[PDB]
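Below: the structure, in structure tokens.
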Amino acid sequence: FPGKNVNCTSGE
């Protein structure tokens, strides 16, 4: 999760 975001994510 890069910060707090959900569009295209795996584990960052």
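As shown in the structure tokens, the chain order sets the letters A, B, ...; within each chain, residues go from 1, and ligands are also counted from 1 in the order they appear.
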Who sits within 10 Å of residue 12 (chain A), only C-alpha atoms, same chain under 6 positions skipped, as a PDB file with N, CA and C atoms, in the first residue's frame:
ATOM      1  N   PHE A   1       0.843  -1.208   0.000  1.00  0.00           N
ATOM      2  CA  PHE A   1       0.000   0.000   0.000  1.00  0.00           C
ATOM      3  C   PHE A   1       0.894   1.280   0.000  1.00  0.00           C
ATOM      4  N   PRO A   2       1.120   2.012  -1.135  1.00  0.00           N
ATOM      5  CA  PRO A   2       1.862   3.302  -1.140  1.00  0.00           C
ATOM      6  C   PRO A   2       1.011   4.463  -0.540  1.00  0.00           C
ATOM      7  N   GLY A   3       1.326   4.828   0.718  1.00  0.00           N
ATOM      8  CA  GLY A   3       0.496   5.748   1.531  1.00  0.00           C
ATOM      9  C   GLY A   3      -0.912   5.210   1.887  1.00  0.00           C
TER      10      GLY A   3
END
